[PDB]
Structures are given as structure tokens and as C-alpha cells.
């Protein structure tokens, strides 16, 4: 497991440019990044597909349901701080 805190920043008329899904693991909800659009605020901050989002602005989002994490991120405005968890095979 690697861990990295990212800070994403966008303009008002603009999305962060990533998508998430929430998996009910065996139930512990884990939310991870399923897509990141190229050259988006997300990409530039270092966000990568497969990253688990463990925290949003120091809120532990592990165990949180999908709708709440979406609302949390949307409530964050234009600055978003994500603790990511990831690893690579190679």
C-alpha cells in the first residue's frame, strides 16, 4: 500500500474531471476512482484510476456510502484534498 495526499483545484465553471464508484467489500464501502479525464484538474493533481479515496479534507470516507461521498466532494467547492491509497503490480 502507498498513500499520497492530493490537493485538486478547479475553476467554478468546471468539474474536477474524475469518476468514482463505491464497492461493498466483504460490508465495508470503499470508494475508488474508476476514470480520470486527460489534462483535468484531477489528472494534474496526480489522481489515477484505481486510486482508493480514503479521506476528503481529513474526513475519513472509508465506510461511507456512495451518495454521501459524492455530496461531500460537491460540498468541497473548487479545492479538494484527497488521501489516496494505491499500489502497482510493476
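Residue numbers count along the first chain shown, from 1.
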- Relative to the deposited sequence, how many residues with no modelled coordinates occur between residue 26 and residue 27 (none, 1 to 3, 4 to 9, 10 or more)? 4 to 9
- Message: For the chain shown, is the CA B-factor of residue 7 in the lowest, middle or highest third of its modelled residues?
- Response: middle
- On the chain's distribution of Cα B-factors, residue 20 falls within the third called lowest
- Taking the entry's C-alpha B-factors for this chain, is residue 60 in the lowest, middle or highest third? highest
- Against its chain's modelled residues, does residue 40's Cα B factor rank lowest, middle or highest third? highest
